[PDB]
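Step one of this worksheet: look at the structure below.
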Amino acid sequence: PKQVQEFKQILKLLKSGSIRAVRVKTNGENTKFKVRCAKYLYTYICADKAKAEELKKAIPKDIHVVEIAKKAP
Amino acid sequence: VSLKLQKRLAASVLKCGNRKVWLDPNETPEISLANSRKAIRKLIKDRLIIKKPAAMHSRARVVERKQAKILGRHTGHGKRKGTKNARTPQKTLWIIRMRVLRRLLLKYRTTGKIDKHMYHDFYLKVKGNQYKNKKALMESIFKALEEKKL
Amino acid sequence: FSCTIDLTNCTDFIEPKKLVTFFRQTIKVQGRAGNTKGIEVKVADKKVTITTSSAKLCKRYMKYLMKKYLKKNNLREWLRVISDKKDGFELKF
Amino acid sequence: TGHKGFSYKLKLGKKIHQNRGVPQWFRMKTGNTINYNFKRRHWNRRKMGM
Amino acid sequence: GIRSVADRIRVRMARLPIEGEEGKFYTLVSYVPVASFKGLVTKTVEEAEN
RNA sequence: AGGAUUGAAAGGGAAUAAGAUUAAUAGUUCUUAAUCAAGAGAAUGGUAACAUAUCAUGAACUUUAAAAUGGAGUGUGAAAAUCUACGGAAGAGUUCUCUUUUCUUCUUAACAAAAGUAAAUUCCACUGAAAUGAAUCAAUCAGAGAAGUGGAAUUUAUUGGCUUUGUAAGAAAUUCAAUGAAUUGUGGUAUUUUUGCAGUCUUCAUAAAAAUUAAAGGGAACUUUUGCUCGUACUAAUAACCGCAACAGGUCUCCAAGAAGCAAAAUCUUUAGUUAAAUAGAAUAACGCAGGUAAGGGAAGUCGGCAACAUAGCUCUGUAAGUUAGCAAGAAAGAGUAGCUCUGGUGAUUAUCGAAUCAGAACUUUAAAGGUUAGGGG
RNA sequence: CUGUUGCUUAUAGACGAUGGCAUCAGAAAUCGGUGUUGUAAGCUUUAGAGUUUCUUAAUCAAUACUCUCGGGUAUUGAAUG
């Protein structure tokens, strides 16, 4: 598992067609957009809720998006 | 009816020994029908099978002893069974002695109280076991500094 | 710091006014008994709260004393102290 | 043992297959004196030595 | 422990009918803790209550 | 081209972990997360040590290195266990006598990232040491160049050693309610184990080979596919092995809590295992096996102090003849040792904080190593 | 009439034997007598050498007097009621 560090690559990565599925976990303070690519699992830890919303609109409709909470699916 | 099968399984499910498993004595007909782990995992939630707590091992007796030994309540002569060097090694009382002294010598030389030529005649003097403790070295430095200005 | 005692269903067994006197006379803060000058227990009717910030007190101390009183009048068997996970204690059967 | 070669495991497998008694229907034939297997053994009585 | 037993024990027995047939009786030796054994005699306890 | 076959389930070796499941199998299955091999789709920077998410061409022939190597003792970095300091959250135990009390849980992988930050060693650049210095517990080092300042590389249980981060809380542990809810800070100049590093010591002992891999000298010309065969149950022993057997015999290894002590000693307990392991009840004769004690004398017993008894730990004082000068020596001999309340000495940072260790003084008693372990001497 | 059985039977005893009693039986406690050990548990004697403190009191404190010739044990193979 790898971690992306800022908005530049995460937005670029989602637009690419290699993405298999996307998971978002909503913790008490932050949120991780654990996108799952062909090989690794990249996650961006966002603390600003406004910056997560623009990330929540960038996912293409052709992949499965699962929103997790304090209860596992 | 023998409940060996129903007790071994509940040891692996609860992650505890066979001695910590508690099967209800009043519910023998109900427990005896649980021949699979999926049945045993439902009895545990029904509290027909619980996990006994560990026996209490209080360290209150030992702590009051160590507290008393700090004040030297028991450190007598008839409460020692070992040699003087065994309880207090002679090497580690001197390894620490120099590390206490040679750190002070470097501290003064770095600070600028003494010079390299004086710190050299004090490095060997400490090495030869002339100064017994730290206090008896700062006194000698204080003494040998006054003879310098004459 | 605050701590509350829930007596909403055990009030028949324990009169809440009785606990008020017991806590002020048995709570120790610096080492004596009955020296709850800085600690107030008041009434609060159906519940009992300490809510004192002038003394070094702990939540588990209340459970120690609450279990201590439950054995004073042989009431431990029928009751059981359970925390409500929201800065307070509650009693069940 | 834990580690047995292939030609050794299949010979053990035959020695547990042969350690079986007479089938019930066989003994009910006519003039059938084969009532018990006298080539039998056990793990704690006779080590098969192999 | 097994190496010691109380010097004096004040027990209480009760002849009762068995659960199955009332014609056969059985005893139940209870236990009666006592602070001291001074003045304690073999006393026949009779409740006679409703 | 240089020499054939076999020879190690303890030597060498490309690559995997956590949670969960079964009446039993799981580094083998399920979920999640990875890794390896074989494919398929003629460059810069730094004075220098040297450095750049494959990059930045590199054939024949040759060389170097790794794989690849004794032991002893000391010091130290790191992790785990145990102990402990501050602050807590949840539950359990005692309570007529007290105890802000005693106990349990508070965790995290393979593989990767670089907020912060270490110890040791070897090198590079500036200057050139004498009034010689630098340093370790010990050493050891310097004009074929010490100390000082600034740098570079490598080791430290995967990347980069420790904290931290993705994995990852959604898992797990502890609780509450009848599937749904709560929490998971920070330290230590403490003991042990494990694993590395540094030099020191010892040999008329110098303590393996190849597969396989990388570099140099030389200049010839991101995705996807596959990973076949064999073992995998169970005991590993006071009942699964060898002894004719459920034989007090024999049989190679890994993991390792508290009290106490110098000690992995004897004795008691926690996690774990068991209460059955060639049948029991009654009576309490002789003669027995095993374990003991004794008046007065103390080897008179007997082949013979056989057996048994007695000295025993530690501190201080003292210690002969002889001698290969090293030893004899724990020679022999004598004094002390408990409990409680105190005092002082041994350090780090600028008053606080931490360690068991030594010494001394009052007062009391049943006058103190002796429950266990534990030299008889000449 | 004797034997068995009972008092987990003694004045006897390896087992048998022997001796006593068998409903005026027998056993069990309890209360005395008689012994063994040495002053029980709770609180008090600023007893108590000192330390700590409130800051000029309490706390802790081996041991230690009062209640205490106290408590505990006493047939099991002891003797009365």
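Cβ placement follows ideal geometry from the backbone for every residue including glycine, while neighbour counts extend to all protein chains displayed. Each value in this text was obtained by applying a stated rule to the coordinates, not by laboratory testing.
Observations on the model:
- Evaluating 6.51 cos²θ - 1.76 cosθ + 1.60 at θ = phi - 60° for every residue in the stretch A:36-49, the Karplus couplings come out as 10, 8, 5, 10, 10, 10, 8, 9, 10, 8, 9, 9, 7, 5 Hz, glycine and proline recorded as x.
- Counted charge near E:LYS43, where neighbours are those whose Cβ lies closer than 12 Å (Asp, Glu -1; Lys, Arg +1): +1
- Cα shape, chain A, gyration tensor, a/c 1.5 rule: rounded
- Spacing of the two label points (7 Å from each Cα toward its C-beta) at A:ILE68 and D:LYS47, in nm: 5.6
- Paramagnetic label zone (point 7 Å from Cα along Cα-to-C-beta, B:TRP94; backbone N under 12 Å) in the stretch B:127-150: B:127-130
- Charge sum, other residues only, whose C-beta stays under 14 Å from B:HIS120's C-beta, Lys/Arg counted +1 and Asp/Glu -1: +3
- Reciprocal mean inverse distance between Cα atoms of the stretch C:47-93 - Kirkwood radius, Å: 11.7
- Computed from the C-beta positions of E:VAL11 and C:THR49, the FRET efficiency with R₀ = 41 Å rounds to 0.20.
- Only alpha carbons enter this Debye calculation for the protein assembly as shown, each as an equal point scatterer, and the log10 of I(q)/I(0) it gives at q = 0.07, 0.09, 0.11 Å⁻¹ is -1.09, -1.23, -1.20.
- Filter on A:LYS12/A:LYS70; A:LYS15/A:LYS56; C:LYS28/C:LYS63; C:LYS18/C:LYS85; A:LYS8/A:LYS57 - keep pairs with C-alpha separation over 21 Å: A:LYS12/A:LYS70; C:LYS18/C:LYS85
- The reciprocal of the average 1/r between distinct C-alpha atoms defines the Kirkwood hydrodynamic radius, which for chain C equals 13.4 Å.
- Cα gyration tensor, the stretch C:18-68 - rounded (a/c under 1.5), prolate or oblate: rounded
- In this simple spin-label model, placing a label point 7 Å from the Cα along the Cα-to-Cβ direction at both D:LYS14 and B:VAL62 gives a separation of 6.3 nm.
- Residue-wise HN-Hα coupling along the stretch A:59-64, computed from phi with Karplus coefficients 6.51, -1.76, 1.60 (Hz; x: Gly, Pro): 5, x, 6, 8, 10, 7
- Classified by the C-alpha gyration tensor, chain E has an oblate form. Its axis ratio a/c, with a ≥ b ≥ c, is 1.5 or above, and a/b does not exceed b/c.
- In a reduced charge model with +1 at each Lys and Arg Cβ and -1 at each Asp and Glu Cβ, the stretch B:37-104 shows a dipole moment near 280 debye about its Cα centre.
- Distance (nanometres) between label positions extended 7 Å along Cα→Cβ at A:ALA47 and D:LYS4: 6.4
- A protection proxy built from the mean count of other Cβ atoms within 10 Å ranks the segments C:38-50, B:62-74, most packed first, as C:38-50, B:62-74.
- Euclidean distance between Cα centres, the stretch E:3-33 to chain D, Å: 59
- Nearest-0.05 FRET efficiency for C:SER83 and B:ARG73, computed from C-beta distance (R0 41 Å): 0.50
- On a per residue basis, the convex hull of the C-alpha atoms belonging to the stretch B:74-142 measures out at 103 Å³.
- Computed E for B:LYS4/C:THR26 - FRET, C-beta separation, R0 56 angstrom, nearest 0.05: 0.65
- Qualifying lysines (Cα of each under 17 Å from Cα of B:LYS149; at least 8 residues distant if same chain): B:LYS113, B:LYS116
- Close amide H pairs (under 5 Å, H built 1.01 Å from N) link B:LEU3 with no residue at least 5 positions away or on another chain.
- Cross-link partners of B:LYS51 among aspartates and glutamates (Cα-Cα below 13 Å; sequence separation of 8 or more within a chain): B:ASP24
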